[PDB]
$ cat entry.txt   # compact mmCIF, C-alpha atoms and all ligand atoms
# COMPACT_ATOMS: atom_id res chain seq x y z
CA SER B 40 0.00 0.00 0.00
CA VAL B 41 0.89 3.64 -0.64
CA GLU B 42 2.03 6.06 2.12
CA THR B 43 2.50 8.93 -0.33
CA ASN B 44 2.68 9.38 -4.15
CA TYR B 45 5.83 11.56 -3.71
CA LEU B 46 9.25 11.36 -2.06
CA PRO B 47 8.52 14.08 0.51
CA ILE B 48 11.95 15.76 0.93
CA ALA B 49 13.78 18.85 -0.32
CA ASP B 50 17.54 19.23 -0.98
CA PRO B 51 17.85 15.49 -1.75
CA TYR B 52 20.94 13.30 -1.62
CA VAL B 53 21.26 9.60 -2.62
CA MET B 54 23.98 7.18 -1.44
CA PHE B 55 24.28 3.87 -3.31
CA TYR B 56 25.61 1.42 -0.68
CA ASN B 57 25.60 -2.43 -0.71
CA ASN B 58 23.22 -2.76 -3.70
CA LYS B 59 20.68 -0.37 -2.08
CA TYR B 60 19.73 3.31 -2.63
CA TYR B 61 19.48 5.55 0.46
CA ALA B 62 17.85 9.00 0.26
CA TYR B 63 18.21 11.82 2.79
CA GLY B 64 16.77 15.33 2.50
CA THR B 65 15.29 18.39 4.20
CA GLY B 66 11.97 17.57 5.89
CA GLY B 67 9.65 14.62 5.61
CA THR B 68 10.57 13.56 9.15
CA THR B 69 8.15 11.50 11.26
CA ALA B 70 9.91 11.55 14.69
CA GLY B 71 10.79 15.24 15.21
CA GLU B 72 13.44 17.67 13.93
CA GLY B 73 16.36 16.12 12.01
CA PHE B 74 16.55 13.80 9.00
CA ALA B 75 14.71 10.77 7.73
CA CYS B 76 16.24 7.90 5.77
CA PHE B 77 14.42 6.34 2.78
CA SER B 78 15.67 3.22 0.94
CA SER B 79 14.91 1.71 -2.50
CA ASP B 80 15.82 -1.18 -4.82
CA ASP B 81 14.62 0.50 -8.06
CA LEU B 82 14.49 4.34 -7.49
CA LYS B 83 10.67 4.37 -8.05
CA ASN B 84 9.46 2.67 -4.88
CA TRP B 85 10.92 3.90 -1.58
CA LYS B 86 10.44 2.66 1.99
CA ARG B 87 11.09 4.60 5.22
CA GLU B 88 13.99 3.33 7.29
CA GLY B 89 13.43 5.64 10.27
CA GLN B 90 14.85 8.84 11.69
CA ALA B 91 18.53 8.99 10.55
CA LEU B 92 19.20 11.95 12.86
CA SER B 93 17.23 13.26 15.86
CA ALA B 94 17.74 16.89 17.00
CA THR B 95 18.62 15.79 20.58
CA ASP B 96 21.72 13.98 19.19
CA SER B 97 22.91 17.12 17.45
CA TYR B 98 23.78 20.76 17.69
CA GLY B 99 20.56 22.78 17.28
CA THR B 100 16.79 22.60 17.49
CA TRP B 101 15.67 24.02 14.10
CA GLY B 102 16.79 24.36 10.50
CA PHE B 103 17.88 20.73 9.85
CA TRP B 104 18.64 21.14 6.10
CA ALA B 105 20.54 19.63 3.17
CA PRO B 106 21.96 16.35 4.53
CA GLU B 107 24.54 14.27 2.60
CA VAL B 108 25.69 10.81 3.77
CA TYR B 109 28.89 9.01 2.75
CA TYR B 110 30.51 5.70 3.65
CA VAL B 111 34.13 6.74 4.24
CA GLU B 112 36.42 3.78 3.33
CA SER B 113 39.31 5.36 5.31
CA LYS B 114 37.21 5.34 8.55
CA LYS B 115 34.89 2.30 7.87
CA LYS B 116 31.90 4.33 9.07
CA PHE B 117 29.06 6.53 7.68
CA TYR B 118 29.33 10.35 7.89
CA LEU B 119 26.28 12.66 7.75
CA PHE B 120 27.14 16.28 6.82
CA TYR B 121 24.31 18.78 7.34
CA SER B 122 23.08 22.22 8.35
CA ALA B 123 21.38 23.01 11.66
CA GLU B 124 20.45 26.58 12.81
CA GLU B 125 22.39 27.92 9.77
CA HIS B 126 25.69 26.24 10.86
CA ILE B 127 27.42 23.23 9.27
CA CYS B 128 27.74 19.99 11.22
CA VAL B 129 28.84 16.38 11.03
CA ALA B 130 27.50 13.24 12.74
CA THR B 131 28.42 9.58 12.35
CA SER B 132 26.76 6.16 12.24
CA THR B 133 27.86 2.55 11.90
CA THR B 134 24.89 1.93 9.52
CA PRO B 135 23.31 3.77 6.53
CA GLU B 136 19.96 4.30 8.34
CA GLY B 137 21.41 5.64 11.60
CA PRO B 138 21.22 6.67 14.34
CA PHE B 139 23.67 9.39 13.25
CA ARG B 140 24.96 11.20 16.33
CA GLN B 141 27.40 13.83 17.44
CA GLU B 142 29.55 12.99 20.50
CA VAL B 143 29.87 16.73 21.23
CA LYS B 144 26.94 18.84 19.93
CA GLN B 145 28.79 21.56 18.06
CA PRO B 146 29.20 22.63 14.47
CA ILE B 147 32.41 22.26 12.35
CA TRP B 148 33.16 26.01 12.72
CA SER B 149 31.44 29.12 14.18
CA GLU B 150 30.46 31.16 11.09
CA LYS B 151 26.93 30.73 9.72
CA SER B 152 26.99 28.35 6.76
CA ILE B 153 24.87 25.76 5.01
CA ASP B 154 24.70 23.14 2.24
CA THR B 155 27.73 20.98 3.08
CA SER B 156 29.02 18.64 0.36
CA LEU B 157 32.17 16.52 0.86
CA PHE B 158 34.66 15.49 -1.81
CA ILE B 159 37.70 13.23 -1.17
CA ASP B 160 40.19 13.50 -4.05
CA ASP B 161 42.36 10.75 -5.63
CA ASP B 162 45.20 12.24 -3.45
CA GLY B 163 43.24 11.31 -0.26
CA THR B 164 42.70 15.02 0.61
CA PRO B 165 39.16 15.82 1.92
CA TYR B 166 37.40 19.01 0.67
CA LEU B 167 34.14 20.50 2.03
CA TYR B 168 31.99 22.73 -0.19
CA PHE B 169 29.50 24.94 1.67
CA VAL B 170 27.74 28.32 1.47
CA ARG B 171 28.91 31.42 3.32
CA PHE B 172 26.77 34.56 3.34
CA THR B 173 29.56 36.77 1.97
CA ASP B 174 27.93 38.30 -1.15
CA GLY B 175 24.55 36.73 -1.22
CA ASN B 176 24.77 32.99 -0.73
CA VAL B 177 28.27 32.10 -2.08
CA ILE B 178 29.76 28.64 -2.45
CA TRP B 179 33.13 28.32 -0.69
CA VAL B 180 35.52 25.41 -0.24
CA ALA B 181 38.12 24.49 2.37
CA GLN B 182 40.28 21.43 3.00
CA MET B 183 39.11 19.36 6.00
CA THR B 184 41.29 17.90 8.74
CA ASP B 185 42.03 14.11 8.66
CA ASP B 186 39.15 13.36 11.10
CA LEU B 187 36.56 15.17 8.85
CA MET B 188 35.46 17.19 11.94
CA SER B 189 37.09 20.57 11.12
CA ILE B 190 37.99 22.76 8.16
CA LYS B 191 41.47 24.23 7.64
CA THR B 192 40.48 27.91 7.51
CA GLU B 193 43.77 28.93 5.87
CA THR B 194 42.65 26.89 2.77
CA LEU B 195 39.36 28.90 2.33
CA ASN B 196 38.66 29.62 -1.35
CA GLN B 197 35.72 31.28 -3.07
CA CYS B 198 34.04 29.13 -5.76
CA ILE B 199 30.73 30.49 -7.17
CA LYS B 200 28.44 33.52 -6.68
CA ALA B 201 25.16 34.48 -8.47
CA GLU B 202 26.34 36.57 -11.51
CA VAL B 203 24.51 35.88 -14.82
CA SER B 204 20.85 36.48 -15.73
CA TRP B 205 19.39 32.99 -15.04
CA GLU B 206 21.15 33.06 -11.62
CA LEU B 207 19.59 36.45 -10.65
CA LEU B 208 15.84 35.84 -11.02
CA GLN B 209 15.35 36.28 -7.22
CA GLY B 210 17.90 37.32 -4.58
CA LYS B 211 21.64 36.65 -4.96
CA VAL B 212 22.05 32.90 -4.33
CA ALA B 213 24.50 30.17 -5.44
CA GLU B 214 24.11 27.07 -3.23
CA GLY B 215 23.56 23.32 -2.93
CA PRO B 216 27.04 22.36 -4.22
CA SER B 217 27.97 18.88 -5.58
CA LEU B 218 31.47 17.83 -6.71
CA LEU B 219 32.46 15.18 -9.25
CA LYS B 220 35.87 14.55 -10.84
CA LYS B 221 36.27 12.93 -14.29
CA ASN B 222 39.38 12.69 -16.56
CA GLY B 223 41.29 15.32 -14.53
CA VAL B 224 38.55 17.98 -14.45
CA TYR B 225 36.61 18.96 -11.30
CA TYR B 226 32.91 19.70 -11.89
CA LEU B 227 31.08 21.86 -9.35
CA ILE B 228 27.32 21.40 -9.84
CA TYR B 229 25.17 24.00 -8.03
CA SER B 230 21.79 25.69 -7.72
CA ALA B 231 20.99 29.44 -8.12
CA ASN B 232 18.13 31.75 -7.01
CA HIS B 233 16.04 31.76 -3.86
CA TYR B 234 14.47 28.23 -3.71
CA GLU B 235 10.99 29.83 -3.63
CA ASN B 236 11.42 31.12 -7.20
CA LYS B 237 9.92 28.97 -9.99
CA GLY B 238 13.25 29.62 -11.77
CA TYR B 239 15.37 27.87 -9.12
CA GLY B 240 17.81 25.94 -11.32
CA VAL B 241 20.97 23.89 -11.61
CA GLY B 242 24.20 24.74 -13.42
CA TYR B 243 27.89 23.78 -13.27
CA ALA B 244 31.46 25.11 -13.34
CA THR B 245 34.77 23.40 -14.02
CA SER B 246 38.34 23.66 -12.81
CA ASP B 247 41.67 21.84 -13.06
CA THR B 248 41.89 21.98 -9.20
CA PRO B 249 39.37 21.11 -6.42
CA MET B 250 39.51 24.74 -5.17
CA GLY B 251 39.31 26.58 -8.49
CA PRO B 252 39.57 28.91 -10.23
CA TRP B 253 36.17 28.16 -11.83
CA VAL B 254 34.69 28.69 -15.32
CA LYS B 255 30.90 28.35 -15.60
CA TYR B 256 29.44 26.30 -18.44
CA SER B 257 28.32 28.78 -21.14
CA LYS B 258 24.93 26.99 -21.70
CA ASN B 259 23.89 26.95 -18.00
CA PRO B 260 21.36 26.19 -16.63
CA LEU B 261 21.29 22.39 -16.99
CA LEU B 262 17.86 22.21 -15.30
CA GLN B 263 15.31 25.02 -14.72
CA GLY B 264 11.87 23.36 -14.73
CA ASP B 265 11.04 20.02 -16.47
CA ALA B 266 8.93 20.61 -19.58
CA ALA B 267 7.10 17.26 -19.82
CA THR B 268 5.92 17.18 -16.15
CA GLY B 269 5.69 20.98 -15.68
CA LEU B 270 7.70 20.69 -12.42
CA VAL B 271 9.07 24.13 -11.38
CA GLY B 272 11.41 25.31 -8.58
CA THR B 273 13.79 22.49 -9.66
CA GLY B 274 17.03 22.36 -7.68
CA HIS B 275 19.36 21.43 -4.81
CA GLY B 276 20.16 18.00 -6.09
CA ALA B 277 22.88 15.39 -6.19
CA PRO B 278 24.46 13.12 -8.84
CA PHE B 279 24.76 9.35 -8.16
CA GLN B 280 25.72 6.09 -9.91
CA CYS B 281 23.24 3.24 -10.33
CA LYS B 282 23.36 -0.57 -10.16
CA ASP B 283 23.94 -0.74 -13.97
CA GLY B 284 26.74 1.90 -14.04
CA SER B 285 24.74 4.81 -15.47
CA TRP B 286 24.13 8.05 -13.54
CA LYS B 287 21.07 9.89 -12.29
CA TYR B 288 20.47 13.28 -10.70
CA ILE B 289 17.99 13.54 -7.77
CA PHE B 290 16.41 16.97 -7.17
CA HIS B 291 13.40 18.69 -5.60
CA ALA B 292 10.64 20.80 -7.10
CA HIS B 293 7.74 22.87 -5.76
CA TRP B 294 4.59 20.99 -4.70
CA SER B 295 2.89 22.40 -7.83
CA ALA B 296 2.66 25.62 -9.91
CA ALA B 297 0.26 27.12 -7.25
CA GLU B 298 2.01 26.13 -4.00
CA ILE B 299 5.71 25.81 -3.04
CA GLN B 300 5.17 23.65 0.07
CA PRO B 301 5.85 20.82 0.60
CA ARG B 302 8.73 20.38 -1.84
CA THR B 303 9.18 16.76 -3.06
CA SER B 304 11.93 14.96 -4.98
CA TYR B 305 12.35 13.53 -8.49
CA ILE B 306 15.04 11.75 -10.57
CA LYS B 307 16.43 12.42 -14.11
CA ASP B 308 19.38 11.03 -16.04
CA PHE B 309 22.87 12.47 -15.51
CA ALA B 310 26.08 12.25 -17.52
CA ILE B 311 29.44 13.84 -18.26
CA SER B 312 30.40 13.31 -21.94
CA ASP B 313 33.83 12.43 -23.38
CA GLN B 314 34.16 16.15 -24.33
CA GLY B 315 33.53 17.12 -20.66
CA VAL B 316 29.95 18.45 -20.98
CA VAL B 317 27.39 17.69 -18.24
CA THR B 318 23.71 16.86 -19.00
CA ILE B 319 20.65 16.41 -16.82
CA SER B 320 17.95 14.88 -19.02
CA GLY B 321 15.36 12.18 -19.62
CA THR B 322 11.86 11.34 -18.52
CA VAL B 323 11.34 12.23 -14.84
CA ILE B 324 11.00 9.27 -12.39
CA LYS B 325 8.18 10.29 -10.00
CA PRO B 326 9.07 8.37 -6.84
CA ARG B 327 6.51 7.27 -4.20
CA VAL B 328 6.72 5.85 -0.67
CA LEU B 329 5.22 2.49 0.28
CA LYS B 330 4.61 0.68 3.59
CA CA K 1 23.38 18.88 -0.98
$ encode --input "entry.txt" --output "structure tokens"
Amino acid sequence: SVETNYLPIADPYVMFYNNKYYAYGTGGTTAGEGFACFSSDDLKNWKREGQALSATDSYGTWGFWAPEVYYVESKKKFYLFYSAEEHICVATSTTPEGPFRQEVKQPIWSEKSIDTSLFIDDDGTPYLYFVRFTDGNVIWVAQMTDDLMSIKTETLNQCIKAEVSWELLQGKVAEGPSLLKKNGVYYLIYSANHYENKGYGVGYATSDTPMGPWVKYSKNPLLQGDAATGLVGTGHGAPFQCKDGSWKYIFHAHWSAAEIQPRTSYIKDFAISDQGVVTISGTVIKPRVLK
């Protein structure tokens, strides 16, 4: 039977671990503030796994946004990177579903920041992408310490700010970073505009280093509303590999053309060509939750 005909989260992230998809996003919780965990075998039908993170096990009581979860081979443990009260935080778990907890309930650093996304390079060096409120919402990067608990502030670098027309429909916002490396090029995939705008959209930038400098793709945006479904407010997503070796891009959209809330998530195809061009395309998978 059907719980809901949607995947009821915003700012979605998918981890493919041990032949199983695991989704985490903003909202859709059933046991208080924090993050839920959804799992799936096929990307269409999802089941709830429980409350991945409870507010009592973390810094903060409000604003649990934009979670990403990674199995770190180096540490043989799961790491949940997230925002809480407009600060960036990290919790750990021995399993994909949780409970993710902080031993000490504090953020990574003191400055307000959101939209954490981790990248560990071929070198073994960890990088954290996140938003600082320096000139609108701006995507920054810094190298992390070995324990993935702190950033090295001396490595702070500015990545992307809202500059071109499609990125300045509402407010001054570049956010929801995602990093992928392919054939020596680092691709920073991000969202621009206030999420409430129907023109929330996804674009990318490239660089020969993980911390820039960055050149934006000339044909951005990659995704700014899906034509076939009429989904609008499309953004804050994540790329991920599938069982068969192809890629997909999970993202949210407004509830409908009339109402923003509650945002829900959808899946399209994703790829980086041999000539280094990124595409988000294909018929939208409209996920649902079963019990
Ligand atoms: Ca994210």
$ residues_around --input "entry.txt" --residues "range 213-225 of chain B" --least-positions-apart "6" --cutoff "7 Å" --atoms "only C-alpha atoms" --output "compact mmCIF listing (two decimals) with C-alpha atoms, in the coordinates of the input"
# COMPACT_ATOMS: atom_id res chain seq x y z
CA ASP B 154 24.70 23.14 2.24
CA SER B 156 29.02 18.64 0.36
CA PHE B 158 34.66 15.49 -1.81
CA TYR B 168 31.99 22.73 -0.19
CA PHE B 169 29.50 24.94 1.67
CA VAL B 170 27.74 28.32 1.47
CA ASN B 176 24.77 32.99 -0.73
CA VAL B 177 28.27 32.10 -2.08
CA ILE B 178 29.76 28.64 -2.45
CA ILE B 199 30.73 30.49 -7.17
CA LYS B 200 28.44 33.52 -6.68
CA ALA B 201 25.16 34.48 -8.47
CA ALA B 231 20.99 29.44 -8.12
CA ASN B 232 18.13 31.75 -7.01
CA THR B 245 34.77 23.40 -14.02
CA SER B 246 38.34 23.66 -12.81
CA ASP B 247 41.67 21.84 -13.06
CA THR B 248 41.89 21.98 -9.20
CA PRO B 249 39.37 21.11 -6.42
CA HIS B 275 19.36 21.43 -4.81
CA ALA B 277 22.88 15.39 -6.19
$ atom_distance --input "entry.txt" --atom1 "CA of residue 280 in chain B" --atom2 "CA of residue 82 in chain B"
11.6 Å
$ closest_residue --input "entry.txt" --among "B:188, B:203, B:198, B:228" --to "ligand CA 1 (chain K)" --atoms "all atoms listed in the file"
B:228
$ residues_around --input "entry.txt" --residues "residue 71 in chain B" --least-positions-apart "4" --cutoff "10 Å" --atoms "only C-alpha atoms" --output "PyMOL selection string"
chain B and resi 66-67+75+90+92-95+100
$ atom_distance --input "entry.txt" --atom1 "CA of residue 328 in chain B" --atom2 "CA of residue 125 in chain B"
29.0 Å
$ atom_distance --input "entry.txt" --atom1 "CA of residue 172 in chain B" --atom2 "CA of residue 241 in chain B"
19.3 Å
$ residues_around --input "entry.txt" --residues "residue 55 in chain B" --least-positions-apart "5" --cutoff "8 Å" --atoms "all atoms listed in the file" --output "JSON, numbers by chain"
{"B": [60, 61, 279, 280, 281]}
$ residues_around --input "entry.txt" --residues "range 270-273 of chain B" --least-positions-apart "4" --cutoff "7 Å" --atoms "only C-alpha atoms" --output "count of residues only"
17
$ closest_residue --input "entry.txt" --among "B:320, B:229, B:58, B:118" --to "ligand CA 1 (chain K)" --atoms "all atoms listed in the file"
B:229
$ residues_around --input "entry.txt" --residues "residue 185 in chain B" --least-positions-apart "4" --cutoff "9 Å" --atoms "only C-alpha atoms" --output "MDAnalysis selection string"
chainID B and resid 164:165 189
$ closest_residue --input "entry.txt" --among "B:330, B:137, B:322, B:294" --to "residue 41 in chain B" --atoms "all atoms listed in the file"
B:330
$ closest_residue --input "entry.txt" --among "B:315, B:155, B:147, B:244" --to "ligand CA 1 (chain K)" --atoms "only C-alpha atoms and all ligand atoms"
B:155
$ closest_residue --input "entry.txt" --among "B:267, B:180, B:195, B:324" --to "residue 81 in chain B" --atoms "all atoms listed in the file"
B:324
$ closest_residue --input "entry.txt" --among "B:317, B:167, B:138, B:297" --to "ligand CA 1 (chain K)" --atoms "only C-alpha atoms and all ligand atoms"
B:167
$ axis_aligned_box --input "entry.txt" --around "range 92-104 of chain B" --padding-each-side "6 Å" --output "JSON"
{"center_x": 19.7, "center_y": 18.2, "center_z": 13.3, "size_x": 20.1, "size_y": 24.4, "size_z": 26.5}
$ decode --input "entry.txt" --residues "range 119-144 of chain B" --atoms "N, CA and C atoms" --output "PDB file, in the first residue's frame"
ATOM      1  N   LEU B 119      27.379  11.797   8.141  1.00  0.00           N
ATOM      2  CA  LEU B 119      26.283  12.664   7.745  1.00  0.00           C
ATOM      3  C   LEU B 119      26.734  14.123   7.927  1.00  0.00           C
ATOM      4  N   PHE B 120      26.792  14.868   6.824  1.00  0.00           N
ATOM      5  CA  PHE B 120      27.142  16.283   6.821  1.00  0.00           C
ATOM      6  C   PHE B 120      25.836  17.049   6.600  1.00  0.00           C
ATOM      7  N   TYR B 121      25.613  18.100   7.372  1.00  0.00           N
ATOM      8  CA  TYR B 121      24.310  18.782   7.339  1.00  0.00           C
ATOM      9  C   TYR B 121      24.367  20.189   7.901  1.00  0.00           C
ATOM     10  N   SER B 122      23.244  20.905   7.790  1.00  0.00           N
ATOM     11  CA  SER B 122      23.077  22.216   8.353  1.00  0.00           C
ATOM     12  C   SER B 122      22.088  22.124   9.489  1.00  0.00           C
ATOM     13  N   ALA B 123      22.290  22.927  10.518  1.00  0.00           N
ATOM     14  CA  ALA B 123      21.384  23.010  11.661  1.00  0.00           C
ATOM     15  C   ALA B 123      21.539  24.419  12.228  1.00  0.00           C
ATOM     16  N   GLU B 124      20.434  25.156  12.391  1.00  0.00           N
ATOM     17  CA  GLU B 124      20.448  26.578  12.805  1.00  0.00           C
ATOM     18  C   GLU B 124      21.433  27.461  11.998  1.00  0.00           C
ATOM     19  N   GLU B 125      21.504  27.213  10.683  1.00  0.00           N
ATOM     20  CA  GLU B 125      22.385  27.920   9.767  1.00  0.00           C
ATOM     21  C   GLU B 125      23.890  27.750  10.078  1.00  0.00           C
ATOM     22  N   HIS B 126      24.272  26.596  10.635  1.00  0.00           N
ATOM     23  CA  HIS B 126      25.686  26.236  10.861  1.00  0.00           C
ATOM     24  C   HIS B 126      25.882  24.855  10.267  1.00  0.00           C
ATOM     25  N   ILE B 127      27.108  24.545   9.869  1.00  0.00           N
ATOM     26  CA  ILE B 127      27.423  23.233   9.275  1.00  0.00           C
ATOM     27  C   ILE B 127      27.953  22.277  10.334  1.00  0.00           C
ATOM     28  N   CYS B 128      27.515  21.030  10.230  1.00  0.00           N
ATOM     29  CA  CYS B 128      27.741  19.986  11.216  1.00  0.00           C
ATOM     30  C   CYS B 128      27.995  18.629  10.615  1.00  0.00           C
ATOM     31  N   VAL B 129      28.580  17.750  11.437  1.00  0.00           N
ATOM     32  CA  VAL B 129      28.836  16.381  11.030  1.00  0.00           C
ATOM     33  C   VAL B 129      28.544  15.423  12.182  1.00  0.00           C
ATOM     34  N   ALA B 130      27.853  14.336  11.837  1.00  0.00           N
ATOM     35  CA  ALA B 130      27.503  13.235  12.735  1.00  0.00           C
ATOM     36  C   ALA B 130      27.941  11.945  12.079  1.00  0.00           C
ATOM     37  N   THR B 131      28.039  10.881  12.872  1.00  0.00           N
ATOM     38  CA  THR B 131      28.420   9.583  12.348  1.00  0.00           C
ATOM     39  C   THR B 131      27.460   8.468  12.774  1.00  0.00           C
ATOM     40  N   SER B 132      27.530   7.381  12.015  1.00  0.00           N
ATOM     41  CA  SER B 132      26.760   6.157  12.240  1.00  0.00           C
ATOM     42  C   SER B 132      27.530   4.950  11.748  1.00  0.00           C
ATOM     43  N   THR B 133      27.294   3.809  12.386  1.00  0.00           N
ATOM     44  CA  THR B 133      27.864   2.553  11.901  1.00  0.00           C
ATOM     45  C   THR B 133      27.009   1.949  10.768  1.00  0.00           C
ATOM     46  N   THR B 134      25.774   2.430  10.575  1.00  0.00           N
ATOM     47  CA  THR B 134      24.890   1.927   9.524  1.00  0.00           C
ATOM     48  C   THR B 134      24.349   3.061   8.628  1.00  0.00           C
ATOM     49  N   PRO B 135      23.878   2.723   7.407  1.00  0.00           N
ATOM     50  CA  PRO B 135      23.307   3.766   6.529  1.00  0.00           C
ATOM     51  C   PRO B 135      22.075   4.506   7.093  1.00  0.00           C
ATOM     52  N   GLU B 136      21.224   3.779   7.808  1.00  0.00           N
ATOM     53  CA  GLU B 136      19.960   4.299   8.340  1.00  0.00           C
ATOM     54  C   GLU B 136      20.061   5.068   9.644  1.00  0.00           C
ATOM     55  N   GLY B 137      21.197   4.960  10.335  1.00  0.00           N
ATOM     56  CA  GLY B 137      21.413   5.641  11.601  1.00  0.00           C
ATOM     57  C   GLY B 137      21.273   4.699  12.792  1.00  0.00           C
ATOM     58  N   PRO B 138      21.220   5.252  14.024  1.00  0.00           N
ATOM     59  CA  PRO B 138      21.220   6.670  14.343  1.00  0.00           C
ATOM     60  C   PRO B 138      22.547   7.397  14.127  1.00  0.00           C
ATOM     61  N   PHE B 139      22.506   8.509  13.381  1.00  0.00           N
ATOM     62  CA  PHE B 139      23.671   9.391  13.247  1.00  0.00           C
ATOM     63  C   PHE B 139      23.684  10.276  14.473  1.00  0.00           C
ATOM     64  N   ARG B 140      24.833  10.375  15.139  1.00  0.00           N
ATOM     65  CA  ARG B 140      24.958  11.200  16.329  1.00  0.00           C
ATOM     66  C   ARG B 140      26.250  11.983  16.358  1.00  0.00           C
ATOM     67  N   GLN B 141      26.206  13.089  17.093  1.00  0.00           N
ATOM     68  CA  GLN B 141      27.401  13.830  17.442  1.00  0.00           C
ATOM     69  C   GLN B 141      27.764  13.473  18.885  1.00  0.00           C
ATOM     70  N   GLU B 142      29.048  13.214  19.128  1.00  0.00           N
ATOM     71  CA  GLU B 142      29.555  12.988  20.501  1.00  0.00           C
ATOM     72  C   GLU B 142      29.482  14.301  21.285  1.00  0.00           C
ATOM     73  N   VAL B 143      29.942  15.388  20.663  1.00  0.00           N
ATOM     74  CA  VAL B 143      29.865  16.729  21.233  1.00  0.00           C
ATOM     75  C   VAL B 143      29.001  17.513  20.241  1.00  0.00           C
ATOM     76  N   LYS B 144      27.976  18.188  20.760  1.00  0.00           N
ATOM     77  CA  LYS B 144      26.936  18.845  19.935  1.00  0.00           C
ATOM     78  C   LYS B 144      27.328  20.252  19.509  1.00  0.00           C
TER      79      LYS B 144
END
